[PDB]
4 protein chains.
Amino acid sequence: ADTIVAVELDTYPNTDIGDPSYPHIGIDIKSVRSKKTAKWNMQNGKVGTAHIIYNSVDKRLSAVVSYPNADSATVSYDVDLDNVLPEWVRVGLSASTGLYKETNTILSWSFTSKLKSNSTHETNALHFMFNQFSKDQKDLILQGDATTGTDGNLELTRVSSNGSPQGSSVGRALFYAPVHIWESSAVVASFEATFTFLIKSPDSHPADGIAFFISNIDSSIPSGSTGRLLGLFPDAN
Amino acid sequence: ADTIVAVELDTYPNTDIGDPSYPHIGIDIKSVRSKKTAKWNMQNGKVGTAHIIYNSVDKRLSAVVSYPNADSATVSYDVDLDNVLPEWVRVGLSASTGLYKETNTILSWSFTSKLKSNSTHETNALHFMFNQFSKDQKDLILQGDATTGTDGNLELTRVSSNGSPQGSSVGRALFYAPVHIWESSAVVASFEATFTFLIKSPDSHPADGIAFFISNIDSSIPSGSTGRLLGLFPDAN
Amino acid sequence: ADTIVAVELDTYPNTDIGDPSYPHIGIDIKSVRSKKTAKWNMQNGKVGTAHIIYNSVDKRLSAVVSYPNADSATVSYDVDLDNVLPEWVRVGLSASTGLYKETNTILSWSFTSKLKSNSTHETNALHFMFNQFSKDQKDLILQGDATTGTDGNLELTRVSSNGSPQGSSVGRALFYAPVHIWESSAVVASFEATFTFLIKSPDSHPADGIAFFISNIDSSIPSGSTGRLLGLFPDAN
Amino acid sequence: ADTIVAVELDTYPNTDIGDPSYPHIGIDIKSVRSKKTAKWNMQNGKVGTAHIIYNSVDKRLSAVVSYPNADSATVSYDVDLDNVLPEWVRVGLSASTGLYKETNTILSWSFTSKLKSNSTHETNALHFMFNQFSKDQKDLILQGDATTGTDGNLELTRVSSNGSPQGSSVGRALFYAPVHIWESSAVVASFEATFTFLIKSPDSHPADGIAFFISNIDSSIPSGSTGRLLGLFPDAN
Ligand SMILES: [Ca+2]
Ligand SMILES: [Ca+2]
Ligand SMILES: [Ca+2]
Ligand SMILES: [Ca+2]
Ligand SMILES: [Mn+2]
Ligand SMILES: [Mn+2]
Ligand SMILES: [Mn+2]
Ligand SMILES: [Mn+2]
């Protein structure tokens with residue numbers, strides 16, 4: 001089905017499916033059951049920043065999530081992405097709410113993929129940066145309940161006009177152009193993703209999380225992937 | 001119809017339609033009849049480089065075409081692009097051959113659009129760089145006879161297996177993602193395009209030229225735009 | 001003496017020396033008597049952003065100063081910088097206070113110089129970005145009363161421990177490495193400067209202003225260049 | 001003494017000091033006795049490209065050396081650079097010749113250091129790119145026999161007017177500005193270095209090699225560091 005590789009900012013601990021007993025960041029390879037996790041001291045109502053990095057030489061997918069004036073949370077996992085993802089992929093953001101809710105607002109998003117060939121001065125690159133979103137953001141593919149424009153932000157899950165987050169919501173935002181992650185002549189290949197988010201909930205138990213993902217080009221929201229499955233996976237296997 | 005703004009590398013002088021009596025570079029705004037031209041000392045069989053620049057403050061579209069070890073050709077035209085092009089556009093390359101022919105090979109292509117808002121640290125940007133093309137270049141829209149892959153280059157017009165350019169050929173290559181050229185909150189907006197080309201013909205009178213263009217998102221090759229019309233315009237008005 | 005080219009954010013109108021009757025931005029070429037000015041609706045206590053741009057093709061030095069939620073101020077002047085500045089220069093920021101005062105705080109500073117040769121794929125570039133300053137900022141040359149470190153900012157003029165700006169202060173910050181602005185093989189040359197500032201004064205008549213400048217490598221603060229002369233010029237000619 | 005961390009392109013095997021029996025690339029931490037090496041199929045007279053990368057999250061210094069149309073050589077070593085290098089350093093290139101010789105020509109050099117803070121949108125960066133060198137390259141510190149200008153290249157070791165490399169030569173080129181490699185508020189820190197070189201010798205046994213290095217700011221050529229010690233180390237310990 002959809003080949004998924006994602007870094008989840010999981011706000012709700014579903015221990016029955018492997019989530020530890022606290023908010024956390026995790027590296028998911030084809031499954032919602034993180035291959036590796038790290039405790040995340042989430043701050044309700046605060047704007048945070050997540051950094052995802054990876055290069056073909058070291059073969060390690062790492063993420064660093066921090067908030068201003070606080071210590072960072074870091075998680076790493078050794079994975080040869082070439083062995084998992086197709087040649088052409090699409091990058092994006094996903095978020096959902098189940099019985100519990102939260103806003104899943106994106107205020108800025110930037111990505112950069114580089115492929116360096118063995119040729120003299122040969123380098124292929126893509127780089128997008130959104131520091132503000134428009135009502136008609138033509139270079140983005142919105143799936144589910146995701147919308148842009150509301151005071152220049154990307155609302156991944158449904159937020160009522162009064163500012164209250166809705167439950168049972170799922171939405172994803174993908175960049176319009178496919179990204180070339182593997183090249184036969186490439187000696188070095190790497191990508192860098194960064195985004196500022198704002199998880200806010202009037203409850204003491206927000207859910208379910210935000211996730212940066214990389215999938216096959218024709219990826220779409222799996223059925224009933226609201227809640228714990230973050231709009232990325234079809235089941236909890 | 002198609003809103004076209006292009007910088008043409010016109011190899012053949014069609015004096016009847018306004019072309020001066022020699023190879024040249026020109027700034028075309030909605031018409032093949034350049035609004036401004038500059039003599040271009042073209043070098044058959046040599047790899048050249050073209051630089052196109054524009055910013056919303058100065059409001060001047062400029063281009064610089066040079067070859068190694070030779071002097072450059074420069075042409076500028078004052079134009080408030082906002083008054084000519086839609087909010088969302090698509091960028092690309094076009095080329096054609098008429099009774100006379102030439103190869104219209106692209107070896108590298110890079111583009112960069114920036115939109116700076118009046119907000120603190122707010123900047124939206126897009127940047128692509130192709131230093132090599134693949135047979136299946138999914139992030140490119142090929143129209144007409146254009147193909148990629150042949151020793152990693154983009155062949156805009158038909159070139160036979162033995163390396164001979166075909167006449168009456170037209171082809172264009174557009175980047176997959178739409179580019180946002182105007183933003184309501186932008187204080188400064190600008191774009192930079194650069195490409196290395198290789199015009200080669202066994203004849204002493206090559207034709208018809210290469211052109212970097214910016215059009216409305218759903219642009220396609222006009223009918224009978226081979227030859228002098230460079231695959232951009234439908235007629236010579 | 002010192003070859004100076006600067007974009008001044010002049011907060012105090014010294015009409016006797018050519019300043020119009022209001023706060024303004026101006027392009028100074030070798031003299032404090034701006035060659036071109038534009039009214040600037042300054043906002044005391046608000047963080048602003050200034051954008052300075054220039055390229056060798058268009059030959060126009062432009063600046064755009066804005067504040068969040070307000071309209072921008074823009075000023076342009078046609079000047080072939082090659083005819084004014086030496087081959088190697090140094091870039092920096094300057095600020096002063098006279099009988100009237102104000103804080104001249106810099107919160108971020110970035111610069112980018114590019115020189116493109118007529119050679120295939122040849123480009124020389126420099127780019128620095130300061131989004132925070134340290135007490136020991138070794139890559140900066142501080143002259144006068146300028147200091148860094150205070151909550152990660154660059155204080156160009158003296159600010160007492162209680163936060164009050166001192167009068168008769170002058171200070172400048174220059175990047176450590178000389179910048180190459182002209183190259184004999186360059187077909188295109190350009191630079192981009194951007195900085196966020198914070199002009200704040202307890203008085204209704206702040207003075208004297210901030211200025212981004214480009215000088216000869218061994219530039220230093222002229223004598224008695226406090227006040228109206230912004231630490232750039234020795235006299236009011 | 002000088003804190004040295006370097007990636008050596010060692011053309012001559014000095015087995016007595018730990019060099020394997022063939023040309024190779026190696027990661028040297030404070031000693032010429034590489035902490036890790038990889039066989040390098042060097043090509044006399046061909047222009048090559050070396051890529052050095054490192055980030056504070058993964059803590060792995062890697063290098064990739066390739067030539068057009070050939071397979072690459074890669075070597076990696078896990079090292080927390082913070083534990084080895086001072087806060088402020090200087091980056092550069094070094095090369096030497098002993099009883100055997102070779103040209104140690106640099107045709108292009110680029111470096112990029114990034115420091116991302118835990119603050120929203122805070123990033124400090126430096127980036128230089130030399131695609132050509134001038135006779136008076138003011139932003140470079142030349143030590144030893146290194147010179148720039150000769151057809152726009154950086155000659156690290158002495159090359160006679162007729163093009164013949166001299167033995168017993170040592171020269172280094174350092175960037176003028178100190179680089180900040182550690183910051184107390186940084187969540188992620190990383191640097192990327194790339195350079196095209198040309199090792200050419202009329203002999204079948206060229207020596208001694210090229211090396212990209214990072215040292216303490218006031219670094220200079222150790223005495224008698226010609227030959228096998230590549231101008232970086234004082235002895236073979
Ligand atoms: Ca969960
Ligand atoms: Ca023509
Ligand atoms: Ca004044
Ligand atoms: Ca050796
Ligand atoms: Mn989880
Ligand atoms: Mn024409
Ligand atoms: Mn003034
Ligand atoms: Mn060795």
# chains A, B, ... in the order shown; residues from 1 in each chain; ligands from 1
call {"tool": "residues_around", "arguments": {"residues": "residue C:175", "least_positions_apart": "4", "cutoff": "10 Å", "atoms": "only C-alpha atoms", "output": "VMD selection string"}}
result
(chain C and resid 90 to 93 111 128 138 to 142 179) or (chain D and resid 177)
call {"tool": "write_last_selection", "arguments": {"atoms": "C-alpha atoms", "output": "mmCIF file, in the first residue's frame"}}
result
data_model
loop_
_atom_site.group_PDB
_atom_site.id
_atom_site.type_symbol
_atom_site.label_atom_id
_atom_site.label_comp_id
_atom_site.auth_asym_id
_atom_site.auth_seq_id
_atom_site.Cartn_x
_atom_site.Cartn_y
_atom_site.Cartn_z
ATOM 1 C CA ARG C 90 34.018 45.577 4.404
ATOM 2 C CA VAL C 91 30.365 45.656 5.348
ATOM 3 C CA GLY C 92 28.851 46.758 8.631
ATOM 4 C CA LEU C 93 26.316 48.632 10.775
ATOM 5 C CA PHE C 111 24.484 39.531 4.146
ATOM 6 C CA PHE C 128 26.797 35.322 6.840
ATOM 7 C CA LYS C 138 35.150 36.780 17.143
ATOM 8 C CA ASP C 139 33.946 37.166 13.545
ATOM 9 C CA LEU C 140 32.868 40.776 14.194
ATOM 10 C CA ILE C 141 34.913 43.946 14.541
ATOM 11 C CA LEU C 142 33.380 46.218 17.147
ATOM 12 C CA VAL C 179 34.181 41.181 0.789
ATOM 13 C CA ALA D 177 37.143 34.637 9.270
#
call {"tool": "interface_residues", "arguments": {"of": "chain C", "to": "chain B", "cutoff": "9 Å", "atoms": "only C-alpha atoms", "output": "ChimeraX atom specification"}}
result
/C:47-49,51,57-58,60,62-72,74,76,117-121,187-188,196
call {"tool": "atom_distance", "arguments": {"atom1": "atom CA of residue D:13", "atom2": "atom CA of residue D:80"}}
result
27.9 Å
call {"tool": "residues_near_ligand", "arguments": {"ligand": "ligand 3", "cutoff": "9 Å", "atoms": "only C-alpha atoms and all ligand atoms", "output": "VMD selection string"}}
result
chain C and resid 9 to 15 17 to 20 23 to 24 32 207 to 209 227 to 230
call {"tool": "select_by_dssp", "arguments": {"residues": "chain C", "states": "strand (DSSP E or B)", "output": "PyMOL selection string"}}
result
chain C and resi 5-10+24-29+36-39+47-55+60-66+73-78+88-96+103-117+123-130+140-144+147-148+154-155+159+165+170-175+179-180+186-200+209-216
call {"tool": "write_last_selection", "arguments": {"atoms": "C-alpha atoms", "output": "compact mmCIF listing (two decimals), in the first residue's frame"}}
result
# COMPACT_ATOMS: atom_id res chain seq x y z
CA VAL C 5 28.27 54.12 0.79
CA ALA C 6 25.42 53.70 3.26
CA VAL C 7 21.68 53.34 3.69
CA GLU C 8 20.70 55.42 6.71
CA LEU C 9 17.67 54.91 8.93
CA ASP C 10 17.72 58.55 10.07
CA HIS C 24 13.42 58.92 6.88
CA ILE C 25 15.55 56.45 5.01
CA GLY C 26 18.20 57.69 2.61
CA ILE C 27 20.96 56.62 0.28
CA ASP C 28 24.25 58.33 1.17
CA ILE C 29 27.12 58.19 -1.33
CA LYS C 36 17.92 60.31 -2.27
CA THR C 37 15.41 60.04 0.64
CA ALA C 38 11.96 58.64 1.47
CA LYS C 39 9.68 59.43 4.42
CA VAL C 47 11.17 45.71 15.94
CA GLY C 48 11.68 46.60 12.29
CA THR C 49 13.29 45.00 9.25
CA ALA C 50 15.42 46.63 6.56
CA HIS C 51 16.23 45.09 3.14
CA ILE C 52 19.08 46.51 1.02
CA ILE C 53 19.63 45.17 -2.50
CA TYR C 54 21.91 45.83 -5.48
CA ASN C 55 23.06 44.13 -8.67
CA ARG C 60 20.41 50.51 -8.52
CA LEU C 61 20.85 50.55 -4.75
CA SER C 62 17.45 50.04 -3.13
CA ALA C 63 16.23 49.67 0.44
CA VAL C 64 12.90 48.63 1.97
CA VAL C 65 12.18 49.31 5.63
CA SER C 66 9.00 47.92 7.19
CA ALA C 73 9.13 52.75 3.06
CA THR C 74 11.21 52.32 -0.09
CA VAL C 75 14.03 54.38 -1.60
CA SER C 76 16.15 53.74 -4.70
CA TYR C 77 19.13 55.40 -6.32
CA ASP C 78 20.93 54.56 -9.57
CA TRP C 88 37.78 44.83 -1.63
CA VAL C 89 35.47 46.34 0.97
CA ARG C 90 34.02 45.58 4.40
CA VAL C 91 30.36 45.66 5.35
CA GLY C 92 28.85 46.76 8.63
CA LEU C 93 26.32 48.63 10.77
CA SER C 94 26.68 52.03 12.41
CA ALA C 95 24.65 54.07 14.89
CA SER C 96 24.91 57.17 17.05
CA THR C 103 18.70 52.38 21.62
CA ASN C 104 20.26 51.08 18.42
CA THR C 105 19.79 47.37 18.93
CA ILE C 106 20.45 44.80 16.25
CA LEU C 107 18.69 41.43 16.75
CA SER C 108 19.74 39.73 13.49
CA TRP C 109 21.94 40.51 10.51
CA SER C 110 22.55 38.65 7.28
CA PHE C 111 24.48 39.53 4.15
CA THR C 112 25.12 37.75 0.84
CA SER C 113 27.49 38.71 -1.96
CA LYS C 114 27.60 36.85 -5.26
CA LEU C 115 29.95 37.17 -8.23
CA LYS C 116 29.11 35.13 -11.31
CA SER C 117 31.87 34.57 -13.86
CA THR C 123 30.17 31.53 -8.96
CA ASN C 124 31.96 33.10 -5.97
CA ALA C 125 29.83 33.80 -2.90
CA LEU C 126 29.88 34.87 0.73
CA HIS C 127 26.99 34.67 3.13
CA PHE C 128 26.80 35.32 6.84
CA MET C 129 23.79 35.18 9.10
CA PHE C 130 23.57 36.26 12.73
CA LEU C 140 32.87 40.78 14.19
CA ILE C 141 34.91 43.95 14.54
CA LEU C 142 33.38 46.22 17.15
CA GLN C 143 34.29 49.88 17.04
CA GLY C 144 33.31 52.58 19.51
CA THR C 147 28.84 45.56 22.32
CA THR C 148 27.29 42.13 21.81
CA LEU C 154 24.24 43.77 19.25
CA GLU C 155 23.98 47.12 21.04
CA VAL C 159 22.72 51.46 26.90
CA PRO C 165 20.13 54.82 26.01
CA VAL C 170 28.84 56.03 18.47
CA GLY C 171 29.53 52.39 17.65
CA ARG C 172 29.90 50.22 14.55
CA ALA C 173 30.01 46.48 13.85
CA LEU C 174 31.89 45.17 10.81
CA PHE C 175 32.10 41.63 9.51
CA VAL C 179 34.18 41.18 0.79
CA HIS C 180 35.12 41.03 -2.86
CA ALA C 186 32.30 38.69 -13.48
CA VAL C 187 29.29 39.04 -15.76
CA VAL C 188 26.88 39.59 -12.88
CA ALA C 189 27.65 40.82 -9.36
CA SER C 190 25.19 41.47 -6.54
CA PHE C 191 24.69 41.65 -2.77
CA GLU C 192 21.78 41.41 -0.35
CA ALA C 193 21.68 42.73 3.21
CA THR C 194 18.94 42.36 5.82
CA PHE C 195 18.66 43.23 9.50
CA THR C 196 16.09 43.50 12.24
CA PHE C 197 16.54 46.48 14.51
CA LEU C 198 14.86 47.99 17.54
CA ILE C 199 14.93 51.78 17.93
CA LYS C 200 13.55 52.69 21.34
CA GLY C 209 19.79 56.67 13.51
CA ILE C 210 21.11 53.36 12.29
CA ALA C 211 23.01 52.80 9.04
CA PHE C 212 24.15 49.81 7.04
CA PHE C 213 27.40 50.64 5.30
CA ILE C 214 30.09 49.46 2.93
CA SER C 215 33.56 50.92 3.25
CA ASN C 216 37.21 50.44 2.44
call {"tool": "atom_distance", "arguments": {"atom1": "atom CA of residue B:135", "atom2": "atom CA of residue B:203"}}
result
28.8 Å
